[PDB]
Amino acid sequence: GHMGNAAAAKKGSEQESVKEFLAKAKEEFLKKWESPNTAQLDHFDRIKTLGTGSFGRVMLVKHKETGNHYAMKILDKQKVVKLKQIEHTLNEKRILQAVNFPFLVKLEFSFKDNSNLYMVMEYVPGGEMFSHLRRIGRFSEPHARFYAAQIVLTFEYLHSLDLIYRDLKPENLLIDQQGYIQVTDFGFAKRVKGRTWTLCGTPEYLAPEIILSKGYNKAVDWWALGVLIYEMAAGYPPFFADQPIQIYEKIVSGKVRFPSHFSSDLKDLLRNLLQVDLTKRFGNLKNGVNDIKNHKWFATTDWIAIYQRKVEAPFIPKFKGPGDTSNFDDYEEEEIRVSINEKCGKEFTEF
Amino acid sequence: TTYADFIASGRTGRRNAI
Ligand SMILES: NCc1ccc(Oc2cccnc2)o1
């Protein structure tokens, strides 16, 4: 067969150890989820806006007593209510408090005032994958694989907790000072052991069964991994067009084309992730995540060494010191106004 | 090329969720 006796034994043991790890991690998550660190705004100096959204913004801050830098996501409670994202905001905080994994950003403090909600997390100084990818053009297959391996492990972890992620894309992946990935956004993540039905995500990364309004499951995240690996390795995503509706027609068609520089191993992996037939999609079969991890394209990947952060990264972002924001774009700076009247108190009582 | 088609899509910047 493909493996001789020593390699088959090694792989079986590895796969059993993963099960042992996940069972412990699930116990730890559930204890934190059931029995969940405040601070206040004047504990921090505000330095610079690192990124913006419809909710509010993310700012670099420095914690006054300790001198540590953090990234502070500020959400305007009234805008959250208007954008129908109360449950999403409360869920994101609950997830971030409860998870623990080397590629998931660490929430350090949270708090709220009359106007806003605040989530203070580790600062990840290396910037968005998105920026680096557009700047360099494309990543080599080894460079793409190093990142892809981290997403595979992170999804193996999240899915073990019954969490579906649902908004993978380069925009949502940050690079830390050692060149490893950090996932920070959980705005569409949901606990789903069974199926779920909401239309959500980003057009280029939507799985066909989401577009087709079916009940769907964690396999949508493995489709999205396909999209990400393709985009990292090509420099552009597999399905694009001027308008979303034309993207969707490409996604559901069952057709994908590849650059001539893609390896055959890469193309085989992507045809198995970008599989419109759920009964054939990798990550959704009886062998689960192991179909992905044991694929030829990942044959050089030492999964434990990636988890331990002992692999030399392909790319180490520029870092001139704590507080360096050079790997982030410039955004228009708006004041943080706090109303003298409490807004939306009942909606956000659990935050 | 396919890259040129990508540039023509106008979706080369940060993409919003739906
Ligand atoms: N959602 C991507 C994004 C926009 C702006 C940022 O900067 C961050 C966020 C969290 C930690 N470190 C840096 O991330």
Side-chain angles (χ1 to χ4, degrees), chain A residues 39 44-53 55-61 63 68-76 80 85 88-89 91-93 95-97 99-111 116-135 147 150-151 154 165-189 200-202 204-205 224 228 231-232 316-317 319 321-331 333, chain B residues 13-18:
Chain A
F44 310 79
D45 291 310
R46 288 181 288 288
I47 304 179
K48 197 174 192 297
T49 293
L50 304 165
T52 55
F55 51 77
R57 52 211 172 285
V58 182
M59 299 199 66
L60 177 68
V61 304
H63 182 271
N68 289 109
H69 282 93
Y70 294 98
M72 177 176 75
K73 182 172 172 175
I74 307 167
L75 305 96
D76 180 315
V80 171
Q85 279 161 359
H88 306 69
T89 302
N91 189 52
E92 174 171 67
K93 170 187 178 277
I95 291 170
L96 282 168
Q97 289 177 152
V99 296
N100 179 36
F101 204 66
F103 311 126
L104 300 176
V105 79
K106 283 161 175 59
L107 182 74
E108 301 269 340
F109 313 91
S110 67
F111 56 94
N116 302 310
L117 312 172
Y118 303 86
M119 301 179 210
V120 187
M121 61 204 67
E122 185 163 14
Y123 174 49
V124 187
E128 287 182 355
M129 181 194 291
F130 179 87
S131 301
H132 294 287
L133 181 58
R134 288 291 179 277
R135 179 181 50 82
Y147 292 152
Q150 299 169 57
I151 304 300
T154 297
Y165 186 61
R166 300 196 295 184
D167 196 32
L168 184 70
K169 51 180 174 187
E171 293 91 320
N172 277 352
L173 301 177
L174 305 177
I175 308 302
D176 67 26
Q177 184 188 6
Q178 293 79 45
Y180 281 75
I181 287 182
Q182 293 270 296
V183 181
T184 63
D185 287 81
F186 286 85
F188 299 106
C200 64
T202 295
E204 284 82 342
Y205 284 75
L228 183 75
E231 187 174 348
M232 290 189 297
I316 295 279
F319 180 93
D324 184 350
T325 58
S326 67
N327 293 304
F328 294 88
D329 270 315
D330 304 318
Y331 297 83
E333 300 288 345
Chain B
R14 294 179 180 73
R15 296 157 292 201
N16 293 321
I18 59 193

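Chain naming here is simple, since letters A, B, ... match the order of the sequence lines and numbering starts at 1 in each. First listed ligand is number 1; within each ligand, the first listed atom is number 1.
- Less than 4.0 angstrom separates some heavy atom of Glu122(A) from each of these atoms of ligand 1: 11 (C), 12 (N).
- Nearest protein heavy-atom neighbour of atom 3 (C) of ligand 1: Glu128(A) OE2, 3.7 Å.
- Within the listing of ligand 1, atoms 11 (C), 12 (N), 13 (C) sit less than 4.0 angstrom from a heavy atom of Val124(A).
- Using a non-hydrogen distance threshold of 4.0 Å, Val105(A) does not register as a contact of ligand 1.
- Remark: the backbone N or O of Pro317(A) is not paired with any side-chain donor or acceptor of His132(A) at under 3.5 angstrom.
- At least one donor-acceptor pair under 3.5 Å links the side chain of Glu92(A) to the backbone N or O of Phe186(A).
- Residue-ligand proximity: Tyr70(A) is placed with every non-hydrogen atom at 4.0 Å or more from ligand 1.
- Looking at ligand 1, you won't find any N or O of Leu50(A) less than 3.5 Å from one of its N or O atoms.
- For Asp324(A) (side chain) and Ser326(A) (main-chain N/O), a donor-acceptor pair under 3.5 Å exists by modelled atom type.
- The shortest heavy-atom distance from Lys73(A) to ligand 1 is not under 4.0 Å.
- Although no hydrogens or angles enter the test, the distance criterion places a donor-acceptor pair under 3.5 Å between the side chain of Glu171(A) and the main chain of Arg15(B).
- For ligand 1, the polar-atom distance check finds no N/O of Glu171(A) at less than 3.5 Å from any of the ligand's N/O atoms.
- With respect to atom 8 (C) of ligand 1, the closest heavy atom belonging to the protein is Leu174(A) CD1, 3.4 Å.
- Looking only at distances, a side-chain donor or acceptor of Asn172(A) sits under 3.5 Å from a matching main-chain atom of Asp167(A).
- With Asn68(A) contributing its side chain and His63(A) its backbone, the two residues share no donor-acceptor pair below 3.5 Å.
- Ligand 1 is never approached by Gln182(A) to a heavy-atom distance shorter than 4.0 Å.
- Nearest non-hydrogen protein atom to atom 7 (O) of ligand 1 is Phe328(A) CE2, 3.5 Å.
- Ionic pairing of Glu204(A) and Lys169(A) is not present here: no N-O contact between side-chain nitrogen and carboxylate oxygen is shorter than 4.0 angstrom.
- A donor-acceptor pair is defined here as one N or O able to donate and one able to accept, closer than 3.5 Å; such a pair exists between the side chain of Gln182(A) and the backbone of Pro102(A).
- The atoms of ligand 1 that sit less than 4.0 Å from any heavy atom of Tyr123(A) are 12 (N), 13 (C).
- At distances below 3.5 Å, not a single donor-acceptor pair connects side-chain atoms of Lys93(A) with backbone N or O atoms of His88(A).
- Less than 4.0 angstrom separates some heavy atom of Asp185(A) from each of these atoms of ligand 1: 1 (N), 2 (C).
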